[PDB]
Amino acid sequence: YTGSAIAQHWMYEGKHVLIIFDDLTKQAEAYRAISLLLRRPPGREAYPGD
Amino acid sequence: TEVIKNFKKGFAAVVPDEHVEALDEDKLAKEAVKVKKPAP
Amino acid sequence: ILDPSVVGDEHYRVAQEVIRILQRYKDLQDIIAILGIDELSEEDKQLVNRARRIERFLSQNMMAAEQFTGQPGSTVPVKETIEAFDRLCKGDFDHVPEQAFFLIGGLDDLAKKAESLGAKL
Amino acid sequence: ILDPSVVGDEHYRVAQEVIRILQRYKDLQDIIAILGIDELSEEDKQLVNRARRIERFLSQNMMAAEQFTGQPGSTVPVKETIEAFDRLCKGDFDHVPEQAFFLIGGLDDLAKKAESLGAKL
Amino acid sequence: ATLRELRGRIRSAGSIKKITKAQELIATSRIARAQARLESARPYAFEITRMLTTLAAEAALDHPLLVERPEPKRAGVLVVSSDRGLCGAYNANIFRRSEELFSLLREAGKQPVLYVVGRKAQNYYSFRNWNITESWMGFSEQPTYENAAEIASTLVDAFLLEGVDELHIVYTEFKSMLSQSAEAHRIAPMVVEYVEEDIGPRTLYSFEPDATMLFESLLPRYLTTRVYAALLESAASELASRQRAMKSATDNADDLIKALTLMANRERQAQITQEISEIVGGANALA
């Protein structure tokens with residue numbers, strides 16, 4: 001989200017940007033960690049609903 | 001049983017083309033008696 | 001509405017025959033995956049050939065697929081569809097290759113593609 | 001109490017042989033289903049015939065199932081059972097069809113149903 | 001219940017893989033033996049061929065098996081197939097070549113007459129409503145010269161007569177161990193081709209009793225040794241095809257074991273996660 005904000009600033013100024021998300025599987029695992037620590041009931045593969 | 005058997009006699013109960021084209025006659029190998037005397 | 005009292009007798013019969021052939025093919029798929037087609041009965045070999053041709057002829061070039069491939073779409077009336085699949089499930093096209101049933105319309109497209117592949121109907 | 005010290009040596013030997021034959025059959029079933037029975041040995045085909053006859057002879061027409069098959073029930077003493085399964089495992093009935101073993105009692109019922117199918121023993 | 005099902009499928013696929021690998025190695029041994037038989041039967045064929053051409057040099061070439069019969073009305077085709085069926089497209093290729101030959105024969109007004117060697121040809125032709133004049137089974141893997149003699153005697157007796165005008169053989173030629181090709185051969189009537197002179201002031205051969213009788217007594221032996229060589233090449237080709245098909249089946253069963261193991265582990269993990277979800281859901285419902 002930090003990367004996409006830094007990139008959207010340039011996009012909305014007429015520039016052309018390229019963004020790479022080295023691994024979104026790792027973001028998903030980190031978000032599942034944060035969700036399970038907040039005691040949110042998991043779903044498929046223990047991932048959050050959102 | 002007899003009604004069934006008397007009905008059974010009144011009851012009315014080829015090579016596929018395969019559309020395969022002909023083999024080349026040049027491919028049909030011919031067993032030949034190789035005479036070594038010239039008289040064609 | 002796949003019901004003889006809605007779509008008619010021939011529509012329903014051809015559909016049930018197509019589904020039966022495809023279900024038999026799916027039953028054989030395991031053996032076919034390990035040993036191939038060469039080990040089946042002659043009846044089963046004939047049915048698997050018909051089923052491969054049928055499952056390829058259910059494919060079609062859609063109007064919305066012209067953006068991906070560049071080939072325009074195709075519309076096939078339902079009576080022509082019933083007739084074509086009746087001929088397939090009866091064995092009238094078992095000599096045409098597996099391709100040339102791929103992404104076409106009715107029987108005229110099939111004839112054109114088979115004659116471009118050296119076959120006839 | 002399936003112990004040579006409780007049921008005797010012959011009871012135990014026959015039971016262990018039946019279990020071994022049925023286990024070998026369960027191990028061969030997948031091969032037979034995929035590659036066919038003709039791919040097995042002659043020893044294995046012999047054992048498969050014996051195992052099918054044995055697994056059909058373990059079934060029985062019970063007294064409480066007359067309501068489900070219309071057939072009256074049977075009772076077989078333990079010595080007749082031991083000797084019958086001894087003869088099965090030895091191969092004395094490998095010429096009787098697979099039926100005539102199915103839902104019967106002792107060896108007399110086996111003879112009756114085998115002759116009902118045109119065979120002897 | 002899918003986990004027990006997947007473990008059982010893995011076990012069955014492992015059994016199949018073991019069986020097919022064993023069959024491939026057995027087929028390797030047997031193709032070695034079949035090549036041995038072929039190269040041991042070659043020399044007599046060479047010698048009878050050179051003796052037959054020596055005889056034909058000074059013979060009256062009018063034997064029925066040597067003359068082209070006018071107005072050919074029938075043709076007798078001998079299709080050589082296998083008995084066991086764990087080969088690949090071996091019999092399929094044989095039948096394709098035989099169908100091409102049948103079309104070539106129908107394009108010349110000749111009704112094909114069908115002799116078969118093996119059970120797979122019998123299956124293919126009885127399913128297609130062919131009437132098979134005479135069948136032979138049980139020796140497609142280890143053919144003896146007596147089988148060749150019997151087959152060739154039946155074929156030449158059908159030729160010299162209900163009766164045919166020529167004889168063909170559709171069998172698999174074995175070469176290089178990586179390519180076995182179905183081939184149609186015309187074994188009778190033999191074509192007379194005058195190749196060369198070769199010998200001019202050559203010491204002339206003496207014939208006892210005479211050249212023509214020897215020639216007409218040697219021709220059927222030549223035909224039957226040709227049929228014998230055909231049976232041997234077909235046996236070697238069938239063993240090669242079985243080796244290849246069994247290696248393919250072993251690789252397919254291995255890839256199937258891999259896919260089934262991936263699925264089994266996936267559903268194992270899913271089952272553990274679902275069980276934990278239920279347990280912690282109850283424990284949270286109670287808190």
# chains A, B, ... in the order shown; residues from 1 in each chain; ligands from 1
call {"tool": "residues_around", "arguments": {"residues": "range 106-108 of chain D", "least_positions_apart": "2", "cutoff": "12 Å", "atoms": "only C-alpha atoms", "output": "ChimeraX atom specification"}}
result
/D:57-61,73-88,92-93,100-104,110-115,120-121
call {"tool": "interface_residues", "arguments": {"of": "chain B", "to": "chain E", "cutoff": "6 Å", "atoms": "only C-alpha atoms", "output": "PyMOL selection string"}}
result
chain B and resi 15+22-23+28-38
call {"tool": "calpha_fit_rmsd", "arguments": {"fixed": "chain D", "moving": "chain C"}}
result
0.5 Å
call {"tool": "select_by_dssp", "arguments": {"residues": "chain C", "states": "alpha helix (DSSP H)", "output": "PyMOL selection string"}}
result
chain C and resi 9-35+42-57+66-69+78-90+107-116
call {"tool": "interface_residues", "arguments": {"of": "chain B", "to": "chain C", "cutoff": "9 Å", "atoms": "only C-alpha atoms", "output": "compact mmCIF listing (two decimals) with N, CA and C atoms, in the first residue's frame"}}
result
# COMPACT_ATOMS: atom_id res chain seq x y z
N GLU B 18 -14.79 -47.18 -43.61
CA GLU B 18 -13.54 -46.74 -42.98
C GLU B 18 -12.91 -45.58 -43.74
N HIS B 19 -13.45 -45.27 -44.92
CA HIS B 19 -13.02 -44.15 -45.76
C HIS B 19 -11.50 -44.02 -45.84
N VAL B 20 -10.79 -45.14 -45.89
CA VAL B 20 -9.33 -45.13 -45.99
C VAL B 20 -8.95 -45.12 -47.46
call {"tool": "residues_around", "arguments": {"residues": "residue 21 in chain D", "least_positions_apart": "6", "cutoff": "12 Å", "atoms": "only C-alpha atoms", "output": "PyMOL selection string"}}
result
chain D and resi 14-15+27-28+43-55+85+88-91
call {"tool": "write_last_selection", "arguments": {"atoms": "N, CA, C and O atoms", "output": "short mmCIF file (atom, residue, chain, number, x, y, z; two decimals), in the first residue's frame"}}
result
data_model
loop_
_atom_site.label_atom_id
_atom_site.label_comp_id
_atom_site.auth_asym_id
_atom_site.auth_seq_id
_atom_site.Cartn_x
_atom_site.Cartn_y
_atom_site.Cartn_z
N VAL D 14 -6.96 -73.42 8.67
CA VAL D 14 -7.90 -73.10 7.60
C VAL D 14 -8.25 -71.62 7.62
O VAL D 14 -8.34 -70.97 6.56
N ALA D 15 -8.44 -71.05 8.81
CA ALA D 15 -8.77 -69.63 8.90
C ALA D 15 -7.63 -68.77 8.38
O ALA D 15 -7.85 -67.80 7.64
N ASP D 27 -5.03 -57.62 -2.92
CA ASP D 27 -3.84 -56.97 -3.47
C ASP D 27 -3.83 -57.02 -5.00
O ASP D 27 -3.32 -56.09 -5.64
N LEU D 28 -4.38 -58.08 -5.59
CA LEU D 28 -4.40 -58.21 -7.04
C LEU D 28 -5.56 -57.48 -7.71
O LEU D 28 -5.52 -57.29 -8.93
N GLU D 43 -0.42 -69.23 -11.31
CA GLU D 43 -0.62 -69.31 -9.87
C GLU D 43 -1.60 -68.25 -9.40
O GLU D 43 -2.51 -68.52 -8.61
N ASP D 44 -1.45 -67.02 -9.90
CA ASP D 44 -2.30 -65.93 -9.45
C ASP D 44 -3.72 -66.07 -9.99
O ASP D 44 -4.68 -65.74 -9.29
N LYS D 45 -3.89 -66.55 -11.22
CA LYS D 45 -5.23 -66.78 -11.74
C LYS D 45 -5.93 -67.90 -10.96
O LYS D 45 -7.13 -67.80 -10.66
N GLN D 46 -5.19 -68.96 -10.65
CA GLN D 46 -5.73 -70.02 -9.79
C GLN D 46 -6.18 -69.45 -8.45
O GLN D 46 -7.30 -69.71 -7.99
N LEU D 47 -5.32 -68.65 -7.82
CA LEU D 47 -5.66 -68.06 -6.53
C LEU D 47 -6.85 -67.11 -6.64
O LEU D 47 -7.64 -67.00 -5.71
N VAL D 48 -6.99 -66.41 -7.77
CA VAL D 48 -8.09 -65.47 -7.91
C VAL D 48 -9.41 -66.21 -8.05
O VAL D 48 -10.42 -65.82 -7.45
N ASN D 49 -9.43 -67.29 -8.82
CA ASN D 49 -10.63 -68.12 -8.88
C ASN D 49 -10.98 -68.67 -7.51
O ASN D 49 -12.15 -68.62 -7.07
N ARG D 50 -9.98 -69.19 -6.79
CA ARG D 50 -10.23 -69.71 -5.45
C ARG D 50 -10.74 -68.63 -4.52
O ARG D 50 -11.65 -68.88 -3.72
N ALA D 51 -10.18 -67.43 -4.61
CA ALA D 51 -10.57 -66.35 -3.70
C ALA D 51 -11.98 -65.87 -3.99
O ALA D 51 -12.72 -65.52 -3.06
N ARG D 52 -12.38 -65.85 -5.26
CA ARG D 52 -13.75 -65.46 -5.57
C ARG D 52 -14.73 -66.51 -5.07
O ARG D 52 -15.76 -66.17 -4.45
N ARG D 53 -14.42 -67.79 -5.27
CA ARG D 53 -15.28 -68.83 -4.72
C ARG D 53 -15.32 -68.79 -3.19
O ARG D 53 -16.37 -69.05 -2.60
N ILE D 54 -14.21 -68.43 -2.55
CA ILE D 54 -14.15 -68.41 -1.10
C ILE D 54 -14.95 -67.24 -0.55
O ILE D 54 -15.72 -67.39 0.41
N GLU D 55 -14.79 -66.06 -1.14
CA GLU D 55 -15.54 -64.90 -0.69
C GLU D 55 -17.02 -65.03 -0.98
O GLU D 55 -17.83 -64.38 -0.32
N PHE D 85 -14.08 -75.30 3.91
CA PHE D 85 -13.12 -74.28 3.51
C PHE D 85 -11.74 -74.88 3.30
O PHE D 85 -10.96 -74.36 2.50
N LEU D 88 -12.05 -75.99 -0.24
CA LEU D 88 -11.97 -74.82 -1.12
C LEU D 88 -10.53 -74.35 -1.28
O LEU D 88 -10.05 -74.17 -2.41
N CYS D 89 -9.81 -74.14 -0.17
CA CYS D 89 -8.43 -73.67 -0.26
C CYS D 89 -7.52 -74.68 -0.95
O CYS D 89 -6.56 -74.28 -1.61
N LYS D 90 -7.81 -75.98 -0.82
CA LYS D 90 -7.00 -76.97 -1.52
C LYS D 90 -7.31 -76.98 -3.01
O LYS D 90 -6.43 -77.32 -3.82
N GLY D 91 -8.52 -76.62 -3.40
CA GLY D 91 -8.90 -76.55 -4.78
C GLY D 91 -9.81 -77.66 -5.28
O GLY D 91 -9.78 -77.97 -6.47
#
call {"tool": "closest_atom_pairs", "arguments": {"of": "chain C", "to": "chain D", "cutoff": "9 Å", "atoms": "only C-alpha atoms", "output": "JSON lines"}}
result
{"residue": "C:30", "atom": "CA", "partner": "D:34", "partner_atom": "CA", "distance": 8.8}
{"residue": "C:31", "atom": "CA", "partner": "D:34", "partner_atom": "CA", "distance": 6.5}
{"residue": "C:34", "atom": "CA", "partner": "D:34", "partner_atom": "CA", "distance": 8.8}
{"residue": "C:35", "atom": "CA", "partner": "D:35", "partner_atom": "CA", "distance": 8.4}
{"residue": "C:39", "atom": "CA", "partner": "D:35", "partner_atom": "CA", "distance": 8.6}
call {"tool": "write_last_selection", "arguments": {"atoms": "N, CA, C and O atoms", "output": "short mmCIF file (atom, residue, chain, number, x, y, z; two decimals), in the first residue's frame"}}
result
data_model
loop_
_atom_site.label_atom_id
_atom_site.label_comp_id
_atom_site.auth_asym_id
_atom_site.auth_seq_id
_atom_site.Cartn_x
_atom_site.Cartn_y
_atom_site.Cartn_z
N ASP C 30 -9.62 -43.00 -17.04
CA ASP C 30 -8.51 -43.44 -16.19
C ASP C 30 -7.60 -44.41 -16.93
O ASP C 30 -6.38 -44.19 -17.06
N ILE C 31 -8.18 -45.51 -17.41
CA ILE C 31 -7.45 -46.48 -18.23
C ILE C 31 -6.77 -45.78 -19.40
O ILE C 31 -5.61 -46.05 -19.72
N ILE C 34 -3.60 -44.07 -18.28
CA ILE C 34 -2.43 -44.91 -17.99
C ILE C 34 -2.00 -45.72 -19.21
O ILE C 34 -0.84 -45.67 -19.62
N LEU C 35 -2.92 -46.46 -19.82
CA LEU C 35 -2.56 -47.38 -20.90
C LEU C 35 -2.80 -46.83 -22.29
O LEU C 35 -2.37 -47.46 -23.26
N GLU C 39 -5.74 -50.27 -25.58
CA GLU C 39 -6.09 -51.43 -24.78
C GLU C 39 -7.59 -51.65 -24.64
O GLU C 39 -8.00 -52.68 -24.11
#
call {"tool": "atom_distance", "arguments": {"atom1": "CA of residue 258 in chain E", "atom2": "CA of residue 17 in chain E"}}
result
11.8 Å
call {"tool": "atom_distance", "arguments": {"atom1": "CA of residue 40 in chain A", "atom2": "CA of residue 281 in chain E"}}
result
10.6 Å
call {"tool": "atom_distance", "arguments": {"atom1": "CA of residue 117 in chain C", "atom2": "CA of residue 17 in chain B"}}
result
19.6 Å
call {"tool": "residues_around", "arguments": {"residues": "residue 73 in chain E", "least_positions_apart": "4", "cutoff": "9 Å", "atoms": "only C-alpha atoms", "output": "ChimeraX atom specification"}}
result
/E:108-112,164-165
call {"tool": "write_last_selection", "arguments": {"atoms": "N, CA and C atoms", "output": "short mmCIF file (atom, residue, chain, number, x, y, z; two decimals), in the first residue's frame"}}
result
data_model
loop_
_atom_site.label_atom_id
_atom_site.label_comp_id
_atom_site.auth_asym_id
_atom_site.auth_seq_id
_atom_site.Cartn_x
_atom_site.Cartn_y
_atom_site.Cartn_z
N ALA E 108 -8.82 -52.13 -57.84
CA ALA E 108 -8.44 -52.96 -58.98
C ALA E 108 -9.39 -54.14 -59.17
N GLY E 109 -10.64 -54.00 -58.71
CA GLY E 109 -11.65 -55.02 -58.93
C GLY E 109 -11.45 -56.32 -58.19
N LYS E 110 -10.55 -56.36 -57.21
CA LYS E 110 -10.23 -57.58 -56.49
C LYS E 110 -10.90 -57.57 -55.12
N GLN E 111 -11.68 -58.61 -54.84
CA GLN E 111 -12.27 -58.77 -53.51
C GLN E 111 -11.23 -59.35 -52.56
N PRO E 112 -10.88 -58.65 -51.48
CA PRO E 112 -9.86 -59.17 -50.56
C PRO E 112 -10.40 -60.33 -49.74
N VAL E 164 -7.89 -67.70 -54.99
CA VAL E 164 -7.48 -66.30 -55.07
C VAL E 164 -6.50 -66.15 -56.22
N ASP E 165 -6.29 -64.90 -56.65
CA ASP E 165 -5.39 -64.64 -57.81
C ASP E 165 -4.02 -64.17 -57.32
#
call {"tool": "closest_atom_pairs", "arguments": {"of": "chain A", "to": "chain E", "cutoff": "12 Å", "atoms": "only C-alpha atoms", "output": "Markdown table"}}
result
| residue | atom | partner | partner_atom | distance |
| --- | --- | --- | --- | --- |
| A:36 | CA | E:280 | CA | 11.6 |
| A:39 | CA | E:284 | CA | 9.4 |
| A:40 | CA | E:281 | CA | 10.6 |
| A:41 | CA | E:281 | CA | 7.8 |
| A:42 | CA | E:277 | CA | 7.5 |
| A:43 | CA | E:277 | CA | 8.2 |
| A:44 | CA | E:274 | CA | 8.2 |
| A:45 | CA | E:273 | CA | 6.6 |
| A:46 | CA | E:273 | CA | 6.9 |
| A:47 | CA | E:273 | CA | 10.5 |
call {"tool": "write_last_selection", "arguments": {"atoms": "N, CA, C and O atoms", "output": "compact mmCIF listing (two decimals), in the first residue's frame"}}
result
# COMPACT_ATOMS: atom_id res chain seq x y z
N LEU A 36 -5.57 -13.27 12.65
CA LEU A 36 -5.70 -14.29 13.69
C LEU A 36 -5.27 -13.77 15.05
O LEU A 36 -5.75 -14.25 16.07
N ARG A 39 -8.09 -12.25 16.62
CA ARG A 39 -9.11 -13.25 16.92
C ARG A 39 -10.30 -13.15 15.97
O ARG A 39 -11.45 -13.30 16.37
N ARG A 40 -10.02 -12.88 14.71
CA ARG A 40 -11.07 -12.91 13.70
C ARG A 40 -11.22 -14.33 13.17
O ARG A 40 -10.20 -14.98 12.89
N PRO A 41 -12.43 -14.84 13.02
CA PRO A 41 -12.61 -16.23 12.61
C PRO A 41 -12.15 -16.43 11.18
O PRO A 41 -12.59 -15.72 10.27
N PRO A 42 -11.27 -17.39 10.95
CA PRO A 42 -10.70 -17.57 9.61
C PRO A 42 -11.66 -18.32 8.70
O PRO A 42 -12.72 -18.80 9.10
N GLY A 43 -11.27 -18.40 7.43
CA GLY A 43 -12.05 -19.14 6.46
C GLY A 43 -11.25 -20.24 5.80
O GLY A 43 -10.60 -21.04 6.48
N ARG A 44 -11.31 -20.30 4.47
CA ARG A 44 -10.58 -21.30 3.72
C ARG A 44 -9.08 -21.12 3.90
O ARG A 44 -8.55 -20.02 3.71
N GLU A 45 -8.39 -22.20 4.27
CA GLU A 45 -6.94 -22.19 4.51
C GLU A 45 -6.55 -21.22 5.62
O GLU A 45 -5.43 -20.70 5.62
N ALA A 46 -7.46 -20.99 6.55
CA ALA A 46 -7.28 -20.10 7.69
C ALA A 46 -7.09 -18.64 7.28
O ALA A 46 -6.66 -17.82 8.09
N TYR A 47 -7.40 -18.31 6.05
CA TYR A 47 -7.29 -16.93 5.61
C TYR A 47 -8.52 -16.14 6.03
O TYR A 47 -9.60 -16.71 6.19
call {"tool": "residues_around", "arguments": {"residues": "residue 7 in chain A", "least_positions_apart": "4", "cutoff": "7 Å", "atoms": "only C-alpha atoms", "output": "number ranges by chain"}}
result
A: 3, 11, 17
call {"tool": "write_last_selection", "arguments": {"atoms": "N, CA, C and O atoms", "output": "PDB file, in the first residue's frame"}}
result
ATOM      1  N   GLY A   3       3.871   1.366  -1.399  1.00  0.00           N
ATOM      2  CA  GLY A   3       4.327   1.417  -2.776  1.00  0.00           C
ATOM      3  C   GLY A   3       3.275   1.962  -3.719  1.00  0.00           C
ATOM      4  O   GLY A   3       3.569   2.795  -4.577  1.00  0.00           O
ATOM      5  N   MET A  11       1.222   8.703 -10.897  1.00  0.00           N
ATOM      6  CA  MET A  11       0.210   8.415 -11.910  1.00  0.00           C
ATOM      7  C   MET A  11      -0.760   9.577 -12.063  1.00  0.00           C
ATOM      8  O   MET A  11      -1.096   9.979 -13.181  1.00  0.00           O
ATOM      9  N   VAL A  17       3.840   4.879 -14.452  1.00  0.00           N
ATOM     10  CA  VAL A  17       4.532   4.203 -13.366  1.00  0.00           C
ATOM     11  C   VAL A  17       4.439   2.700 -13.575  1.00  0.00           C
ATOM     12  O   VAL A  17       3.493   2.194 -14.182  1.00  0.00           O
TER      13      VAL A  17
END
call {"tool": "interface_residues", "arguments": {"of": "chain E", "to": "chain D", "cutoff": "8 Å", "atoms": "only C-alpha atoms", "output": "PyMOL selection string"}}
result
chain E and resi 12+15-16
